[PDB]
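Undergrad: Sharing a structure with you now.
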Amino acid sequence: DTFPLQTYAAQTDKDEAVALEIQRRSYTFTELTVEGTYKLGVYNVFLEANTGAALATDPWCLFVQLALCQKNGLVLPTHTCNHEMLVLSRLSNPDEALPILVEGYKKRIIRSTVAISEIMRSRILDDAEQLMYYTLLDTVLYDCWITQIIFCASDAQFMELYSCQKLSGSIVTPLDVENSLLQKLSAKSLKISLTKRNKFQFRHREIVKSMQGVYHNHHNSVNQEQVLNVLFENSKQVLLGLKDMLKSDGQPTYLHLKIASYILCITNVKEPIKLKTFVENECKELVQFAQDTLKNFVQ
Amino acid sequence: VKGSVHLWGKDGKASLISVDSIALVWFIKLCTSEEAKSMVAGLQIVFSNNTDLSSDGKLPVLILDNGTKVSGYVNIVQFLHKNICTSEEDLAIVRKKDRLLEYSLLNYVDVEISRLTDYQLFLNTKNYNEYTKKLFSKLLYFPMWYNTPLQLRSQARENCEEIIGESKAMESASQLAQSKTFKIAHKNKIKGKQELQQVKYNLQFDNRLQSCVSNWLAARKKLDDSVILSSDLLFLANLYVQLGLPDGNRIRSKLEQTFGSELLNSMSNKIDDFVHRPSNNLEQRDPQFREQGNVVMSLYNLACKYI
Amino acid sequence: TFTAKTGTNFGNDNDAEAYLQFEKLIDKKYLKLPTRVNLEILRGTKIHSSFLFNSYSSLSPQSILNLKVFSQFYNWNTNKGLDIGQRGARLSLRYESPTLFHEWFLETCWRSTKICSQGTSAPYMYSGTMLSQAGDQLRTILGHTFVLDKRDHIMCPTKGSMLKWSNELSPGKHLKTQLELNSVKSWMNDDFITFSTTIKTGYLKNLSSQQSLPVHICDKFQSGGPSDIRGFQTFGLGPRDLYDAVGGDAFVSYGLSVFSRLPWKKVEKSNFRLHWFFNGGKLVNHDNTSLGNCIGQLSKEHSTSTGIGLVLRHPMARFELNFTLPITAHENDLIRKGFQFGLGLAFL
Amino acid sequence: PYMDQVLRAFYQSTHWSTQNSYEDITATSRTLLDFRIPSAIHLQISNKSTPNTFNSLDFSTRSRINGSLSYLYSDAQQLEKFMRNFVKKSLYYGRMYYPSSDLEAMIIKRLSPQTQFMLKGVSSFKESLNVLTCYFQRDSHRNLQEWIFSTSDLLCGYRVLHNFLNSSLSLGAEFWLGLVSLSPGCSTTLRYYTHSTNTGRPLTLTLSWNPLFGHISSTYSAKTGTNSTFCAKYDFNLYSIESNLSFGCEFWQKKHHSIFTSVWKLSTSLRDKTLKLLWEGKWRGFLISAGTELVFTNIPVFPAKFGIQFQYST
């Protein structure tokens, strides 16, 4: 082991075009050294019209983002080594699900989506009644939202929320032509990866199996309409019983951060998916609650 | 409301492979009050034993006179409680202040506790081989006897995997046939490997069974505890299957070590009160020749799924 | 005419893989161009298989259209920690004893890049430059390949030079250029001592309007490995982010080789050779302004290695069993001291 | 396996006469009883790349595409007429399995007309196992002594099969001793080949033994028909008395009108209470192999592990 007769310094030439893409996708939580900072990988980021914060477009990523701002005392980013929020692809994990947490630099740990879900429900596991409500939002309200965004919204509304691929206004460039062809080629594979996240594929095996298949026959289409109608009828009952569960006694609970993260992502959809129409018309108390819950994480 | 409920059992009563079908028979038998009868009158219980009539392949189906299918025990109960006509005993209607907690308790048994009953029904090798795989011979028809218990055992493995559990052939052929000494001890390798790995699995099952029953019982002690709800009938139908399997006395041994015998015998005398009730509330039918699941009426349904 | 068969690929890094292949020489009625169609089925990665349609059609005595429709999935960078999928089509025209041909192609491809490395292997494939490259992309590429091969054999040559010039244009995205020189020479009776020299160089430019749209990791250059500069692991040279090979925008790599034919008289007259080599090279992100600053980086601090070994050079594959030492290296290279096994077709 | 039919093709080509070997003494009781049932639909195509190189590929429903590259060179220039079932000969064989990178090798050297040497390496990379075993074996016409050394524990061994005396009462023994565990082994077998005039048939009575375990075996094996065969093994045990009674009743057929060849194979056990069935159909290059297993303890029969096995080779 005297055989490397000369060794040099490591190599310090970096691709500057990669560092511009990472800075394009990075959002900074404000308010330690290099190694105590984490990066939250999220599907995409939307700009809130009211405050101007940079929120994640998915209810699970936004709930982890609000829980990170509560635990560490951070401020939401705006659309010296602070933490970060990364817009990532689903394909940055073997699990293909994307609230993920990237902690550290040289001792870098990756917590997957299953790992954060175990961490988040361990902070409420002492209270048994709050665990029932948390399980009800993460199963019944979750499965409505996924079915309204996989099946009831258009492909452009889905890829606006669940894709890091770029979005300009209209087609003026030949670069815009093949960016419009990625959103049609790859929209179905991004939908299939989203159905594997909260064991949605095991609660809803037949509507997930009808996704992975061409031509969408009439028997599969009328069975899908029966499941999605039951999921939506059950979710109006969840959302109306949540309206008597909004009183606060200080800091927001992790249940309140999960109710707020669903309302903030339903009211960000631009299409009438019938979850947006119900929440805007009947759950006006829930919309004002999600604005009150969010404004203690901004400056 | 007018419909036809399709279940899993045979000849008078629901099968033990479906805790959602058992809880639904107990639900319809216990609708004795006038507002409880108002949501159950004319529901026509049929033990058709084919999941081809379901919107998702699960068989408490409520096919209701229009093509409206509501499937699963929790979805049917939430649907039947929504259709109360409007204006104590053997079944309570929850008030508006408790509709969210009682749906939260129904959903918690459905996603957490019923996950563990399908473990003990398909992934327990003592229960699956003795009881479960030779139960579909009496439920289904002559060719379709061996694919349904293999599917449900594969689905129970996917639902339970994250909480509970050619040169190498030419190697041992050139080793153990060249040994004839660890030829017989080659199987002593893997079954001595398997036995402490199976007590490994039974320990993390029984920790997950202990926490889910403790979590449900602490939240159930927020509503009225002296009255019967829809959450109880799905919880008790999970104990009734798990304590009633071939390996069911392992669980009743461990459940009295944690919760006692003044609670396990208060839950088993409610179960035996429910099994030994008359079927006068039960208005039943026989499956017609569109609903049976024969060799000819499962080839029409197989050709309908791809058209 | 039909010719169903199987075979072996001899891939990337020592990785033999099986394929199933069908043929059909089409009869000259749906024709008057001699056409044959292929279907090569391979093992993909963990979900999909790899399918590969090909259609070679002789337009003239010296021209072949090749329509290649593919759907292939494979693993990649160091610990097979990156899962790459590729769906697309490729139209290619190839124009004509010394091998000389030009090949212009046009390829559109949808490429998915998945980090299939587990979170247990904790900083590997999880640098910020690897999290940012996962995803889907669509890309049309235009290419040209010139090959001038005057060697007497391709897998076991005794004399002759080879020159291979590759160009790739992704319009508005990148421009890629590669050169490869290989010269063979022998000095004894029945070509007992063979001296082989290889030089590989390459340049990649980002043509993308003030350094937006970075070039993908699969389109950059990678150095190191058995079929490259030996005595380093594959993807074991060049700049790093944490431990991940970020690739390079320019490279040079060279290699000398002496073969000696095993002077034991019964194991002589064979394909086995006594192999001494000296390898080296540099991999660099080239500061995309000028070509005078680029050559100053490519001439400064190389990563060299020498070693002895034994080599079989068959027309179907080359097997190598070397004992290698690294002469000079960088401090963060994967340095592979001792024995290294090589299996493939292209060694340099 | 493929290494054992390369090996038997070299034995029939150089006339080694492995009927006197102590691994083919209970051979009819392993062909008729202990055959293998497929567990899924399994396809396989095999090929030939170079004159001395073979390619295989298989995929099933349970397992996706696999493959292998074999090398096979031999001095015995009549070998591949036997690969479908004094001059010193040799055989060199190697094979890599390459989703697995699992190696295997075999060198046979016939050093003398009554002496042979054999090497057999097997090298897995993960599921890590490097095993290199040697087989020296001195044939005679009344003996086939054999000296086996392995590298499993450090296993040294010895076999002998002393033929006496158509009627041929053989007698065999084996003596293993793994030199790092010191765990010995032994056996003693007493096959007896006969003939009779009932239907046209030999007979094979085979008294086995295992003194360190007490596991006495016994095997009857008739040939009751011009194509049908039969095997009734009665097993036993000492100090832990426990019987067993296997059966096996293979049937053949052949066809005309490039010739079809059908083989039906039953094997009933009684301790495990099973019934394996297996059909195999050969053709020019194709080979279909359908087979099921039943378990007999209303509907008392349960068909565990059905399987079909398609196969092409050239």
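Every residue, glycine as well, gets a Cβ built from its backbone with ideal geometry; the counts of neighbours run over all protein chains shown. None of the figures in this text is laboratory data; all of them are computed from the coordinates on show.
Undergrad: Would you mind telling me which numbered condition in (1) hydrophobic (A, V, I, L, M, F, W, C); (2) buried (at least 18 other Cβ atoms within 10 Å of the Cβ); (3) within 20 Å of residue C:143 (Cβ to Cβ) residue C:218 fails?
TA: (2)
Undergrad: Now a separate question. Report the residue count in region B:73-117 for those that are closer than 25 Å to residue B:8 by Cα and of a type outside the set (S, T, N, Q). Step through it out loud before you land on a result.
TA: Step one: of region B:73-117, the residues closer than 25 Å to residue B:8 by Cα are B:73-83, B:90-91, B:103, B:105-117.
Filter once more, so that each one left must be of a type outside the set (S, T, N, Q): B:73-74, B:76-77, B:79-82, B:90-91, B:103, B:105-106, B:108-113, B:115-116.
The qualifying residues number 21.
Undergrad: Still on this structure, I have one more. Condition first: touching a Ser or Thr at 6+ places or on another chain (Cβ under 7 Å), surrounded by fewer than 17 Cβ atoms within 10 Å (Cβ to Cβ) and basic (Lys, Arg). Now tell me which residues in region C:140-194 satisfy that.
TA: Residues satisfying the conditions are C:150, C:159.
Undergrad: I would also like to ask the following. Just to check your reading of the model, which residue among A:34, A:42, A:102, A:64 is among the aliphatic types (A, V, I, L, M), crowded, with 18+ Cβ neighbours inside 10 Å and farther than 23 Å from residue A:268 by Cβ?
TA: Numbers: A:34 fails: crowded, with 18+ Cβ neighbours inside 10 Å; A:42 fails: farther than 23 Å from residue A:268 by Cβ; A:64 fails: farther than 23 Å from residue A:268 by Cβ.
From the options A:34, A:42, A:102, A:64, the qualifying one is A:102.
Undergrad: Let me ask another. Can you work out which of the residues in region B:21-43 that are polar (S, T, N, Q) and under 17 Å from residue B:85 (Cα atoms) is surrounded by the most Cβ atoms within 10 Å (Cβ to Cβ)? Before the answer, list the steps.
TA: Residues of region B:21-43 that are polar (S, T, N, Q), as a first pass: B:21, B:32-33, B:38.
In the following step, the residues that additionally are under 17 Å from residue B:85 (Cα atoms) were identified as B:32-33, B:38.
On the way: B:32: 13, B:33: 14, B:38: 17.
So the residue we want is B:38.
Undergrad: Only one of A:168, A:154, A:122, A:180 is more than 8 Å from every other protein chain (Cβ to nearest Cβ), over 26 Å from residue A:195 (Cα atoms) and of a type in the set (S, T, N, Q); which? Spell out the reasoning first.
TA: Details: A:154 fails: over 26 Å from residue A:195 (Cα atoms); A:122 fails: over 26 Å from residue A:195 (Cα atoms); A:180 fails: over 26 Å from residue A:195 (Cα atoms).
Just a single option satisfies the conditions, and that option is A:168.
Undergrad: Could you list, in sequence order, all residues of region A:215-230 that are assigned to a loop (DSSP other than H, G, I, E, B) and more than 7 Å from chain B (Cβ to nearest Cβ)?
TA: First, the residues of region A:215-230 that are assigned to a loop (DSSP other than H, G, I, E, B): A:215-217.
Passing the criteria: A:215, A:216.
Undergrad: Now for a separate question. Considering only residues that are surrounded by 17 or more Cβ atoms within 10 Å (Cβ to Cβ) and not in a strand (DSSP E or B), look in region C:16-60 and name the one that is nearest to the other protein chains (Cβ to nearest Cβ).
TA: Ranking the candidates gives C:16 first.
Undergrad: I'd like the full set of residues that are surrounded by fewer than 16 Cβ atoms within 10 Å (Cβ to Cβ) and of a type outside the set (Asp, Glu), limited to region A:115-142. Even if it seems obvious, please write down each step before you answer.
TA: Pass one, region A:115-142, residues surrounded by fewer than 16 Cβ atoms within 10 Å (Cβ to Cβ): A:118-119, A:121-123, A:125-126.
Those that are surrounded by fewer than 16 Cβ atoms within 10 Å (Cβ to Cβ) and of a type outside the set (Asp, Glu): A:119, A:121, A:122, A:123, A:125.
Undergrad: I've got another one for you. When the residues of region B:220-234 are narrowed to those that are within 13 Å of chain A (Cβ to nearest Cβ) and closer than 21 Å to residue B:72 by Cβ, which ends up farthest from the chain's Cα centre (by Cα)?
TA: First pass over region B:220-234, keeping only residues within 13 Å of chain A (Cβ to nearest Cβ): B:220-223, B:231.
If we keep only those that are closer than 21 Å to residue B:72 by Cβ too, we end up with B:220, B:231.
Values: B:220: 20, B:231: 14 Å.
Only one residue fits best here, namely B:220.
Undergrad: Still on this structure: Looking at residue A:251 and the list (1) out of contact with any strand residue (DSSP E or B) (no Cβ under 9 Å at 6 or more places or on another chain); (2) more than 14 Å from chain B (Cβ to nearest Cβ); (3) more than 21 Å from residue A:155 (Cβ to Cβ); (4) in a helix (DSSP H, G or I), which single condition is not satisfied?
TA: In the conditions (1) out of contact with any strand residue (DSSP E or B) (no Cβ under 9 Å at 6 or more places or on another chain); (2) more than 14 Å from chain B (Cβ to nearest Cβ); (3) more than 21 Å from residue A:155 (Cβ to Cβ); (4) in a helix (DSSP H, G or I), residue A:251 misses (4) alone.
Undergrad: For residue C:348, state whether it is under 21 Å from residue C:245 (Cβ atoms), out of contact with any strand residue (DSSP E or B) (no Cβ under 7 Å at 6 or more places or on another chain) and more than 9 Å from every other protein chain (Cβ to nearest Cβ). It would help to see each step written out before you state the result.
TA: On the way: under 21 Å from residue C:245 (Cβ atoms): yes; out of contact with any strand residue (DSSP E or B) (no Cβ under 7 Å at 6 or more places or on another chain): no; more than 9 Å from every other protein chain (Cβ to nearest Cβ): yes.
For residue C:348, the condition - under 21 Å from residue C:245 (Cβ atoms), out of contact with any strand residue (DSSP E or B) (no Cβ under 7 Å at 6 or more places or on another chain) and more than 9 Å from every other protein chain (Cβ to nearest Cβ) - is not met.
Undergrad: Would you be able to tell me the number of residues in region D:234-259 that are in contact with a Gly (Cβ under 7 Å, 6 or more places away or on another chain) and surrounded by 14 or more Cβ atoms within 10 Å (Cβ to Cβ)? Even if it seems obvious, please write down each step before you answer.
TA: If we filter region D:234-259 for residues that are in contact with a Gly (Cβ under 7 Å, 6 or more places away or on another chain), which is where we start, we get D:237-239.
Next cut, surrounded by 14 or more Cβ atoms within 10 Å (Cβ to Cβ) only: D:237.
Total meeting the criteria: 1.
Undergrad: For region B:63-118, give me each residue that is more than 10 Å from chain A (Cβ to nearest Cβ) and under 17 Å from residue A:232 (Cα atoms).
TA: B:73, B:77, B:80, B:83
Undergrad: Another question about this same structure. Which numbered condition trips up residue B:199, out of (1) under 20 Å from the mean Cα position of the chain (by Cα); (2) assigned to a helix (DSSP H, G or I); (3) hydrophobic (A, V, I, L, M, F, W, C)?
TA: If we test residue B:199 against (1) under 20 Å from the mean Cα position of the chain (by Cα); (2) assigned to a helix (DSSP H, G or I); (3) hydrophobic (A, V, I, L, M, F, W, C), just (1) comes out false.
Undergrad: Scanning for something in contact with a strand residue (DSSP E or B) (Cβ under 7 Å, 6 or more places away or on another chain), surrounded by 16 or more Cβ atoms within 10 Å (Cβ to Cβ) and farther than 30 Å from residue C:343 by Cα, does region D:99-116 turn up at least one residue?
TA: Yes, because at least one residue in region D:99-116 is in contact with a strand residue (DSSP E or B) (Cβ under 7 Å, 6 or more places away or on another chain), surrounded by 16 or more Cβ atoms within 10 Å (Cβ to Cβ) and farther than 30 Å from residue C:343 by Cα.
Undergrad: Determine the pairs where a residue that is facing chain D (nearest Cβ under 7 Å), located within region B:163-180, has a partner that is part of a loop (DSSP other than H, G, I, E, B) and aliphatic (A, V, I, L, M) with Cβ atoms under 9 Å apart, the partner being 6 or more residues away or on another chain.
TA: B:175/D:155; B:178/D:155; B:179/D:155
Undergrad: Would you be able to tell me the number of residues in region C:121-173 that are of a type outside the set (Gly, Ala, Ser) and closer than 22 Å to residue C:95 by Cα? Lay out the reasoning, then the answer.
TA: Filtering region C:121-173 for residues of a type outside the set (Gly, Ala, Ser) gives C:123-126, C:129-131, C:133, C:136-142, C:144-159, C:162-165, C:167-169, C:171, C:173.
Subsequent filtering for residues that are closer than 22 Å to residue C:95 by Cα retains C:140-142, C:144-154, C:162-165, C:167-169.
Number satisfying all stated conditions: 21.
Undergrad: Here's something else I'd like to know. Here's a check for you: in region D:45-59, which residue that is surrounded by fewer than 18 Cβ atoms within 10 Å (Cβ to Cβ) and more than 8 Å from chain C (Cβ to nearest Cβ) is farthest from the chain's Cα centre (by Cα)?
TA: Top of the filtered list is D:51.
Undergrad: For region B:155-200, name all the residues that are farther than 30 Å from residue D:156 by Cα, of a type outside the set (A, V, I, L, M, F, W, C) and touching an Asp or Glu at 6+ places or on another chain (Cβ under 9 Å). Give the derivation first.
TA: Filtering region B:155-200 for residues farther than 30 Å from residue D:156 by Cα gives B:155-165, B:194-200.
Restricting the remaining residues to those that are of a type outside the set (A, V, I, L, M, F, W, C) gives B:155, B:157-159, B:161-162, B:165, B:194-195, B:197-198, B:200.
Residues satisfying the conditions are B:155, B:159.
Undergrad: Then there is this: Determine if region C:247-260 includes at least one residue that is within 14 Å of chain A (Cβ to nearest Cβ), in a loop (DSSP other than H, G, I, E, B), within 22 Å of residue C:174 (Cα to Cα) and among the acidic types (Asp, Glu).
TA: Step one: of region C:247-260, the residues within 14 Å of chain A (Cβ to nearest Cβ) are C:247-251.
Next cut, in a loop (DSSP other than H, G, I, E, B) only: C:247, C:249.
Checking which are within 22 Å of residue C:174 (Cα to Cα) leaves us with C:247, C:249.
From what is left, the residues that are among the acidic types (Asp, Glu) are C:249.
Yes, region C:247-260 contains at least one residue that is within 14 Å of chain A (Cβ to nearest Cβ), in a loop (DSSP other than H, G, I, E, B), within 22 Å of residue C:174 (Cα to Cα) and among the acidic types (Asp, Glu).
Undergrad: To continue, here is another question. Give me the strands (runs of 3 or more DSSP E) completely within region A:1-100, filtered to those with at least 1 residues that are away from chain C (no Cβ under 12 Å) and more than 25 Å from residue A:186 (Cα to Cα), ordered by residue number.
TA: Numbers: elements: A:6-8, A:38-42, A:45-47, A:54-56, A:85-87.
Correct list: A:38-42, A:54-56.
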